[PDB]
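Beneath this line is the structure, given in structure tokens, with notes to follow.
Read-outs: derived from the displayed coordinates by stated rules, not from any lab. Here Cβ is always computed from backbone atoms with ideal geometry, including for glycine, and neighbour counts include all displayed protein chains.
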Amino acid sequence: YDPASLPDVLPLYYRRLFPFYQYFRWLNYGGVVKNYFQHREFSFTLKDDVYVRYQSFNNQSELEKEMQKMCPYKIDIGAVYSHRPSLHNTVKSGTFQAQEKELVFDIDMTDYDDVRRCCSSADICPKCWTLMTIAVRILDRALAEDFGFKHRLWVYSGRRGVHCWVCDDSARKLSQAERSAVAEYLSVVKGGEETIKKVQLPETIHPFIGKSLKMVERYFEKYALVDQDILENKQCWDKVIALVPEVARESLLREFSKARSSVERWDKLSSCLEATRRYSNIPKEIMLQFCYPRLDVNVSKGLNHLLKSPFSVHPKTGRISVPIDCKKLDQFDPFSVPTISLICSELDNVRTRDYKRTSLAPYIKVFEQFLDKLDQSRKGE
Amino acid sequence: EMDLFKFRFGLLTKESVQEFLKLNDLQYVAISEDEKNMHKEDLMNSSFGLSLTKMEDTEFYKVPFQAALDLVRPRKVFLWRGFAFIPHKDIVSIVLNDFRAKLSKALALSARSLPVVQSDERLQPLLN
Ligand SMILES: [Zn+2]
């Protein structure tokens, strides 16, 4: 993909591929609340990194128009305000307030850098994507069981991670404090680059942590012991040794000198820890420190946060921010995600059904199913 | 008024407390015994320092998680389907919040209905 080719393709996509009808269905939420779509904030990033916010639109036609006119490189969705953002200058000071917004989570592979060995920075590979695969299951289950949020849209971020939009009416009316509470409840791996032991579970395992460890276990052997090989050599297993009390460290080292496979080393570590009881949760702390999602509480706490819009185009990879089907999560491949160049090649190879002829169709289908569920909830209620 | 209310709440036995919470449609739980057995292990691991038999001797309440922020935030109460299961100090705070809201509204309305009372000389020397 040639990023110099981005300015050539962006218009066509925004003209014949961007799913505006479903997009308006989403952000309009069945028209129940008046001025809901009209008070939504958008922000655009144009060529040469020119940023504009407090953009609002009257209806789908105005949005389609101004978007096709601007051809933005980035589209971010923001809060629904007390008035129309376009007229925020006209609103008396203090009377312009963000009132409702989806509850959103951003999980970014870059935040896992201190604990992955295959890639670094913005590089991803099939060996590390399983971490995202774990996160979506660990988090989404909580959101479906502990909090009872029923309408959850998971979206690929385009490069390094995934976003989650929780769109239940209750989740859209949550205050800042309630959002911060939700984020802290879901958050376990606490600390920066200056801390080595980032998980310190108490004697009692809270049911949520038990279910997160249960989800982790299913994948741990493949991710950590086979793929990541977190015990390949001394430079790496020294870390895991650094994560357990010194008392057994020596006892482990000799054992790790006689083990040929990291699965064997894990068995040995588990046996040694079991023999050594307050430390019976130490293996769980290691698993969490290598597998549990990291959440930027600043992303989810603030109501006025602008997050990458679904079906955006990644300025560098060119991939489309496509929704991820929860059931088919295990089959999701971030490298097969349609790029803008591929879908423009597909478009120029054959009115409201043009996208069905591209590789974008199944993802718009997943989005349509999610919107159908939202409509059913709006009606039934 | 808030102070007085707090004191009185502080003097309420758990039974009486629940009665109050019901009569005003505050609906802070009360879980059934069958549901309690259904989530026995989860409840046991949720409440800190709760023994098996002692837990069998206790009854929880179901509250929307938006009211248990201070409990949920450090993960000291189980959440299931948007409701926290809170055992039998902080609750008074929530009750008081509700009370205060209501009372403020009421005072506003009363200040709006003042002209009707000023004409009653009998009650003017007192109230004014
Ligand atoms: Zn990798």
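Is it the case that A:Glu145 is away from the ligand (no atom under 16 Å from the Cβ), among the acidic types (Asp, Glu) and more than 19 Å from the chain's Cα centre (by Cα)? Here the answer is no, as A:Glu145 does not meet what is asked. Scan (1) outside any loop (DSSP other than H, G, I, E, B); (2) surrounded by fewer than 22 Cβ atoms within 10 Å (Cβ to Cβ); (3) more than 14 Å from chain B (Cβ to nearest Cβ) for the single condition A:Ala144 breaks and write down its number. The number of the failed condition is (3). Take the conditions within 14 Å of chain A (Cβ to nearest Cβ) and closer than 23 Å to A:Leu143 by Cα and apply them to B:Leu52. Does it pass? So B:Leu52 fails the test. Scan the range A:219-238 and give yes if some residue there is out of contact with any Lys or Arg (no Cβ under 7 Å at 6 or more places or on another chain) and within 14 Å of chain B (Cβ to nearest Cβ), otherwise no. No, the range A:219-238 contains no residue that is out of contact with any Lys or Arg (no Cβ under 7 Å at 6 or more places or on another chain) and within 14 Å of chain B (Cβ to nearest Cβ). Taking the range A:104-130 as the range and being more than 7 Å from the ligand (Cβ to nearest atom), assigned to a loop (DSSP other than H, G, I, E, B) and buried (at least 19 other Cβ atoms within 10 Å of the Cβ) as the test, no residue passes.
For residues in the range A:149-171 being more than 8 Å from the chain's Cα centre (by Cα) and part of a strand (DSSP E or B), which is nearest to the other protein chains (Cβ to nearest Cβ)? Residue satisfying both the conditions and the ranking: A:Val166.
Of all residues in the range B:1-12, those that are in contact with a helix residue (DSSP H, G or I) (Cβ under 9 Å, 6 or more places away or on another chain) and part of a loop (DSSP other than H, G, I, E, B) total 2.
Please verify whether A:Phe208 is in contact with a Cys (Cβ under 7 Å, 6 or more places away or on another chain) and assigned to a helix (DSSP H, G or I), treating the condition exactly as stated. Spelling it out, it is not the case that A:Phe208 is in contact with a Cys (Cβ under 7 Å, 6 or more places away or on another chain) and assigned to a helix (DSSP H, G or I). When you scan the range A:335-352, do you find a residue that is within 25 Å of the chain's Cα centre (by Cα), in a loop (DSSP other than H, G, I, E, B) and buried (at least 17 other Cβ atoms within 10 Å of the Cβ), even just one? Yes, the range A:335-352 has at least one match. Count of the range B:92-128 residues, restricted to those that are within 19 Å of the chain's Cα centre (by Cα), hydroxyl-bearing (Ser, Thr, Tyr) and more than 14 Å from every other protein chain (Cβ to nearest Cβ), is 1. Apart from one condition, A:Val80 fits all of (1) under 25 Å from the mean Cα position of the chain (by Cα); (2) aliphatic (A, V, I, L, M); (3) surrounded by fewer than 16 Cβ atoms within 10 Å (Cβ to Cβ); the exception is (3).
Taken over the range B:78-91, the residue count meeting the criterion of being more than 9 Å from every other protein chain (Cβ to nearest Cβ) and crowded, with 16+ Cβ neighbours inside 10 Å is 4.
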